[PDB]
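Protein chains in written order, with the deposited numbering: chain X, 2 to 119, 126 to 218; chain O, 7 to 259; chain T, 3 to 241; chain S, 9 to 128, 132 to 248; chain Q, 1 to 243; chain R, 2 to 237; chain P, 6 to 233; chain U, 5 to 251; chain a, 97 to 144.
All C-beta atoms in this analysis are idealised placements derived from N, C-alpha and C, irrespective of residue type, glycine included.
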Amino acid sequence: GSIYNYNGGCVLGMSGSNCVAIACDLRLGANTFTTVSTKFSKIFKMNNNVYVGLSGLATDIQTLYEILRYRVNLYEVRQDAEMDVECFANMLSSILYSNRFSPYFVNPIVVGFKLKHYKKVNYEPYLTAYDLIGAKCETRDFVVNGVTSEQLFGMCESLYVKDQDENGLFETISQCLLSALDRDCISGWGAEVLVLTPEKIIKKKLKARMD
Amino acid sequence: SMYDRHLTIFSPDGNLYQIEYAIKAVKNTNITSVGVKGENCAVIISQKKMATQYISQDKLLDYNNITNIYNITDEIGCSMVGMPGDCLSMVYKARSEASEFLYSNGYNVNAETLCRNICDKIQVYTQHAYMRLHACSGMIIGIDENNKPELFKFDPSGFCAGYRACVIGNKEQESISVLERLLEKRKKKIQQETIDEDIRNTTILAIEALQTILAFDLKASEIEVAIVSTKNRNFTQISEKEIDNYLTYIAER
Amino acid sequence: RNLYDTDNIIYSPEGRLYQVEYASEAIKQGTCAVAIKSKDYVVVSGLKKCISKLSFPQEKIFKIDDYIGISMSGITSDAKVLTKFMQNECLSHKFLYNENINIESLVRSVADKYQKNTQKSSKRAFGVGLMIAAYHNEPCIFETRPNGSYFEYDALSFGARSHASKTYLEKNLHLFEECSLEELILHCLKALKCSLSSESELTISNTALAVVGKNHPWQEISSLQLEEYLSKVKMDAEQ
Amino acid sequence: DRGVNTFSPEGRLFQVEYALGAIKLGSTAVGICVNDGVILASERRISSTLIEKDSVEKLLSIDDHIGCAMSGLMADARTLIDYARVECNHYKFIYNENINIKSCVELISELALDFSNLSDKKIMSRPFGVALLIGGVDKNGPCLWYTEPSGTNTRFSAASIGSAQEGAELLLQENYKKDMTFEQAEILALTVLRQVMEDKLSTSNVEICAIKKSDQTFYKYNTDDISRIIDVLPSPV
Amino acid sequence: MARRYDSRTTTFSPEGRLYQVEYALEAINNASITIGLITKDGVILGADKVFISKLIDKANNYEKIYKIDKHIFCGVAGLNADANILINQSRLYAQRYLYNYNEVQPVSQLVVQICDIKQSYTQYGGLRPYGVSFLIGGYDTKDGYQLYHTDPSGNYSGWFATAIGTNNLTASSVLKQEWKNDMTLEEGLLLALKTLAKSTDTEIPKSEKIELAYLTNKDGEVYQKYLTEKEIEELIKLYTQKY
Amino acid sequence: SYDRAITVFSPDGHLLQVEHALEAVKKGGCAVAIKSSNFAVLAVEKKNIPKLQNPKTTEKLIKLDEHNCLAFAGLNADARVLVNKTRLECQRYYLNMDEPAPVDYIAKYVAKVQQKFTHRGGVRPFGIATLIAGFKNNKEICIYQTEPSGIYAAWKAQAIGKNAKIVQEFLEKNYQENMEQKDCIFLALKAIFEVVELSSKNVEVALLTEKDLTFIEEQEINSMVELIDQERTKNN
Amino acid sequence: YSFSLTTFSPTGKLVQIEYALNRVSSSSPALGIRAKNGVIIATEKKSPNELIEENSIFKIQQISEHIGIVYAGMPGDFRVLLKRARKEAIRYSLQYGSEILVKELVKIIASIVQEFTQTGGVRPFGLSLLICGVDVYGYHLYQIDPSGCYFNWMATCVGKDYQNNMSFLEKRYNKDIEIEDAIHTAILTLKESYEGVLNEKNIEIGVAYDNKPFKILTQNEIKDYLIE
Amino acid sequence: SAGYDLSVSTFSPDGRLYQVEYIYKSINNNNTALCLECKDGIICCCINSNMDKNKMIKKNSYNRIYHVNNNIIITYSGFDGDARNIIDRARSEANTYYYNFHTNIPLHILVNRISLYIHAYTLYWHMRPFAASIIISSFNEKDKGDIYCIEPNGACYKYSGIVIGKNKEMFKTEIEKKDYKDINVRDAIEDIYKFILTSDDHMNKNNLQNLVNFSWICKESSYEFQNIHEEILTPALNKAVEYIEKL
Amino acid sequence: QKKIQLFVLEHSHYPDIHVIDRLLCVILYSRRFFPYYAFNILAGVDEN
């Protein structure tokens, strides 16, 4: 717990009607109370339909991201195809458990699209959350992780609305993240929100508190 | 190359001559074994004869110790023919494999799986140059979890198969014909048998098959008969008195 | 046979190991060493090899332990390896058990060291034969051969043109058991001389001589004592 | 055809015999041991005028009290000399005294026969094909030792190595005396080198080194000493 | 004595060469033709497909040109299995560099690593060499567009336009006579078709026997395109009009 | 693993593998290195297919560290592996001693590696001969030559590769101590073109000074080549 | 020590791989056909004698659900490679939660086969493999040669008289055939190759169609298909 | 033959191992070793006739009979080093069995393990097979006697009397003339001396006492390994010598 | 004692107290991280 408090940070993920959203706080901390950066993004793109939000110790976040990028790139170059979101989620679970007795201090979420072929292709929102040793929670509405987990859980339980367009989804996720961050000492200093749609990605920086 | 017949590498025709030479070495022992399968029993009959080799049969040799039949487990048995050292080595490998299977899986291996694992071990000998081939061909009998008799045969080339009746010996085509004739005769009879009658008939069939294949009268002391059945799943040898009774019955009928 | 002496793991159709036989052939090319024993003492004498006029004669007999010494015939590098092995074995036994090692067990371990090298194609037999003279409750002479065999002798001689020494020993064997130390030393020197060609002579420079006995730790005979003994040998040979 | 560990029907190792054939060539060196010290002299077969003389030295220092002359394959000789330097340094470290020349020679021989693999580790694959003349002063006084690829070590009062080994040996045998002084030893060494040299003996085609009993310190003669000895030399006869 | 069976692959010959490497080069030169060239718009890699049967799945099936990374791709001439091994290794190397440095590996560095593997095989051990030669094209911001040729010995060299495989002399002559320092992608593709036709000893190329790919750097991203049959046929129609 | 003795003694006392490595070196290209008061000049022969090969890629004249440079003749892949080993050893020496590795140390290391490869089982000799130019710990310029056998020697001017004997004879005839930079470059170019076709694109020249290794410009090489051509035409 | 037993010849060939191919071409025939909605693999499994048990011999095997394998060559090599393929499939499943892709499995097995043409002290595998499968990317039929090269086939035959069988198959194969047509064509090809008369006891068939699990046809189903 | 006999890991076109056949020749050319099961024990003898020309060997110092647990005789015919290696392995197996189970290893288990150990060296192309034939025997009151002979190819067979080495055919013929299951070891010593004198032409009445090793496990020795004392051997030697001199 | 006897056998002379001191120092520092629980006085007379 102290190791997570060292840096802080929080990630959130929500689903709408034919869209998903992944949000994060932009702070980098030190000694649990010193802010050294305000542009430390915690959302990483694996491919067009897969994003991972990593919160926790910053060094472990960077290490896990490098490992995941390595694995995804090798898989995709070998198969000549984009990696499936479920396959990436299972691979992340197995990688996290491979360090079971000396784990990475990272609490990740996976947000993306599952592609189903029939002619056209159906995009299904996909959300999973993890604990540091790869225990996986597959969800249809929202996933949270980080030191702000309780606040995010409360906000999402109270405010999440099913089957929202991209605009309503963005408003809901931004409000949840901002209200949850306003109650955390070691999280905040800016919020980054990505809204995924099958044809485009909207990246927004929120006017947030910086105290 | 100059060593396509010395090593287990392909010859220009695609052959591996060392495997054929190992099969010929097994064939040269002049030991014959016959395995037969019944409805609820399986029998293996062999010769209590010393495999032909550099040494000959001495007068002071203990002839009870001469045997080509072994217990792999309490319920699985085998008959091994070939170079005696290779046969002992194969028997020990099979025993260790069965014990490892039992410990790892919490239940006893069956004859099919044992034979397939043995052949998987043999394939490495066939594929690696630095090892010699084991000149050993084996029959394995047991009873599976569904209470059916299983009879499997493996050869030096790493080939295994299940048989209704098999024979290791010098001449195999005529032996196959003999076994086919005997099995057809058994199938011609249509009334169902008891377990004891099936056991007795399978044992008689094996003894008669060996007598026909060897073309000379067999003495009870020069042959060994082992059986497994649903009534007694333990792979057990039958006594010389019982063998002599069967031989007298075959002669008198 | 040219077809079976290439490698050391191949038997000839006669069941022979030609590589080991050649390792043994290396022994016959060395200088002559003779060891004899009385009821109390082992005397080991040997001919030191002098390469040329300006060269010092080479060592022939070495000390393994307080009451153990050896002579060698064959490849000096092999002899050195075996000598180091034996010295370390004796010292380690003294360290572990605070007592002298059993000479039979030491010789058995050396023979096992010989044998282990004749079973792999990546190795070769030692081209050296060893003569081990020791006192462990009694005098003992052992001979270890390249093929892994060791024998115990009452008198032994190997090296080049050592059959003359063997003839002398076979003639005088019955005398050695009850001989005194001086008589035994004289007999050993006489056998060495028998091996020696007439043109060559036994001098203090080309002769090595050592004694090990009941209360006589392995010791090389001094130059003065050796000169006295050689003078006695020549004197009594004159008669 | 054969492995490196093959015995010939005469009881010899083919690779050792071939290395013995190898050691026969190279620049000629002589070594003389007298009561007052040991002197090693060598000819320098300077390849051309563009070679830096200092970069080629047939006389090396194994220790502060041990000098060596090499013949055969120069790369193998340098490898052997480096091994000997390392081992003499380690001996000095663990015993706080100067190693004996005999012990140094024994270590060199042990390395030389390393390819046999008689004890199980081994790194060398073949003999060295190098002949050495190792001289020095220990507690027993000056000594001069000869090592050959076969692993056999001999001790000489006077010795030679190189291409003119036989002629140098004959001259040394017929001109060496036990009770010579150091000046006579130097004169004899340079006389033998002059006799067996192809070129005219000078202060640039010969290198000399000495370990004297008094100082027990390896000393490389320079042009001054070499020239003074050359002047002292009697006219060739 | 197992040494009687050893063929001593990693051993010099009296003339100071390696017979195994020479034989691997003979196999490569017997292999089918693979050409490559550099335009101002990208690197073009073409290959001739060796006919096996018309029952081969010809859709989405490139067997002589492979992608090593988003900015590196290669053409193969030699043994396909050896090539597959080396290609998997090169992909691992590029991903390892990205893992270590957070940047994409330069093409020269990747070539050096794979060639080092080949050289190690020719020098150490007692295994045979790799019977494959590579035309590795790529782009990076240090050296721009690059094209390298690697052989079994581990030797490699940079080129502006080259050909490997069977009848590479004719392709090299065509490229020498026609290639220009500044060419557009379409011009380079037409030249690639011309040299492929010349090497194959034909006038009208058949799209069923041609593999074409190009790696370009546009709008800040490196993009690789492996032309399909229809696109190659459009190119062949253009080439027919031109000549 | 594989530990067969690839390099063994021949009946006459030779190492045939080492002789074959020398033959590969002789089949390699030509390189010359001349030493001056406080700088060195290294020229090397280029072999490029015009208009299709990239001249810059192939590099026979390389830099090991901030003060040592190398030229080689023989097998390019062996040269590359050896040079990478040598660069690693340069940095290892710097890490272990807090000082740059001097030229004599680097040459000794290269020679030791080549000897090791002639004397280890399961490997074959490097088919490479090298010229290493650098500075000693007393800031003194030095040139070393190393051969496949592992024997090294310091030189004032040396040529390796194909027809090395002719170039060495020319150097012995035309070498002077303490030349200026332009005269030394002219001597190197004349020596290399004693056996290489006279053309500015057939050669690559570098000048090593304490500051750095600077490659001579193509226009200067063209002017020197034209001067050499004028002299040859005048003589014949 | 370990040294390569497969080495380049002066003409640049690997005669050991050529001889393994000779063994495969002398072995019994197998074929595979990719239909419009499935893929079948058939093989000619003859009984050398009346005492052997046909059910004990397994030529068409199931690597995993939706992936089957048949071989032409040496049964011991086939069993080793089949165990390795099953282990690789479950490794992929343990890693990625889903079933292995046919292309990925083929590449892995091909690399394993390649290793035995280059490593020391071993001979190359003496069989050709036909791997049929279904995944999200469609229906796949791959061949793996003893060299370790793999080929993507619409329809193929390996083993004896594979050239004549291939010509016969190509003369009557089109990409739009159904599973029933593909099975009929497979049986026709096997019957044409076989000298004598075919029956359900001589042939074995495996099917993977319509995203259904891989199935090995029983004697009764093969007899039904052979009625015609 | 024809290049097929240069390695132990290659069969000839007729399925034979010529290296093992050559090892058999080597063993047959070596010294004689016999074991005989009697009514009250087993008696083992070794005739070292090859050393009749070594007149300086210490008397009776060369022995080819050893024991494993003090109740198992083990002798050999072949190379001394190889036999010593195999005997060391047998002792190692006995020690491991006692460590594991706190009882002495059964004779048939030990014989099987030694057979496997010997057979393992006939499988690879870089090891030299053992050139030795081993005799392992024991005796107790309940089970009487058990004798096994292990050949260099790893084949172990059970006997009531066995002879290996030189002259083994003549020795077997002489042994088979009588049933020793109803004779005592003390009476069998005289018969064995007679057999040696008649069979081995290199053995005379003078060198019998220094070229013959005699051990036994019998009721007299408490069913534990014991070398036969000269006080018991000399009268039998004299009786055999005088009888053969009579005829 | 074992080291000194081995030294005598190898280098053919008895070490003096200074050589023995250095030898003991090496022996003692070899176990530097699990030292011998022993305080020792080495007494002797040297060549002078």
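Check: Rounded to a whole number of angstroms, what is the C-alpha to C-alpha distance between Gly45 (chain U) and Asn144 (chain U)?; Outcome: 8 angstroms
Check: Am I right that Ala37 (chain T) and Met60 (chain U) are in contact with their C-beta atoms under 8 angstroms? What's the rounded C-beta distance?; Outcome: That belief does not hold up - the Cβ atoms of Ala37 (chain T) and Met60 (chain U) are roughly 10 angstroms apart, past 8 angstroms.
Check: I need the DSSP call for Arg20 (chain S), collapsed to helix, strand or coil.; Outcome: coil
Check: Please report the residue range of the beta strand (DSSP E) in which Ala160 (chain R) lies.; Outcome: 158-161
Check: Check the C-beta distance from residue 249 (chain Q) over to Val124 (chain R) and give it rounded, since I have them as a contact under 8 angstroms.; Outcome: Absent from the structure is residue 249 (chain Q), since the part of chain Q shown begins at 1 and ends at 243.
Check: Which runs of the beta strand (DSSP E) at least 3 residues long sit entirely within the region 131-196 of chain R? Give them in chain order.; Outcome: 142-147, 153-156, 158-161
Check: Would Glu211 (chain Q) and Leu191 (chain Q) be called neighbours here (beta carbons separated by less than 8 angstroms)?; Outcome: no
Check: Going by the beta-carbon positions, is the gap between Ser26 (chain T) and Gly85 (chain U) smaller than 8 angstroms?; Outcome: no
Check: Quick one: does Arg127 (chain a) have its CB under 8 angstroms from some CB of chain S?; Outcome: no
Check: Using a Cβ-Cβ distance cut-off of 8 angstroms, determine whether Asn74 (chain X) contacts chain Q.; Outcome: yes
Check: Out of X:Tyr137, X:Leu116, X:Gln80, which one is the CA nearest neighbour of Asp69 (chain Q)?; Outcome: X:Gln80
Check: Can you tell me whether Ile38 (chain Q) is buried or exposed? The criterion is at least 16 other CB atoms within 10 Å of its CB, across all chains shown.; Outcome: buried
Check: Could you give the first and the last residue of the continuous beta strand (DSSP E) run that contains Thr150 (chain Q)?; Outcome: 144-150
Check: At what residues does the beta strand (DSSP E) containing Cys144 (chain X) begin and finish?; Outcome: 143-146
Check: For the putative contact between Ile50 (chain O) and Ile124 (chain O), defined by C-beta atoms under 8 angstroms, what is the C-beta separation to the nearest angstrom?; Outcome: That pair is no contact at about 16 angstroms.
Check: Using CA atoms only, rank isn't needed, just tell me which of O:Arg11, O:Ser7, O:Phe16 is closest to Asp6 (chain Q).; Outcome: O:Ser7
Check: Less than 8 angstroms between CB atoms is the rule here; does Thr163 (chain S) satisfy it with respect to chain R?; Outcome: no
Check: In the DSSP output, what is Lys115 (chain X) paired with across the bridge?; Outcome: X:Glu131
Check: State the Cα-Cα distance for the pair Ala102 (chain R) and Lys112 (chain P), rounded to the nearest angstrom.; Outcome: 48 angstroms
Check: For the beta strand (DSSP E) that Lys210 (chain X) lies in, which residues bound it at each end?; Outcome: 208-213
Check: Comparing alpha-carbon positions, which option in U:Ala87, U:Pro17, U:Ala98 lies nearest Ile154 (chain U)?; Outcome: U:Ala87
Check: In the structure shown, what three-state DSSP assignment does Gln176 (chain S) receive?; Outcome: helix
Check: Provide the residue(s) that pair with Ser111 (chain S) in DSSP beta bridges, ordered along the chain.; Outcome: DSSP, once it has assigned bridges, lists no residue as partnering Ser111 (chain S).
Check: Closer than 7 angstroms by C-beta to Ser95 (chain O): which residues in its own chain qualify, once you throw out the five before and the five after it? Chain order, please.; Outcome: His140
Check: With respect to the beta strand (DSSP E) encompassing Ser56 (chain S), which residues constitute its N-terminal and C-terminal limits?; Outcome: Run containing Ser56 (chain S): none; DSSP gives neither H nor E here.
Check: So if I threshold CB-CB distances at 8 angstroms, which residues from the region 55-75 of chain Q count as touching chain P?; Outcome: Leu55, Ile56, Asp57, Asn61
Check: Taking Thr170 (chain Q) as the reference, which of Q:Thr202, Q:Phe160, Q:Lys64 has the closest Cα?; Outcome: Q:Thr202
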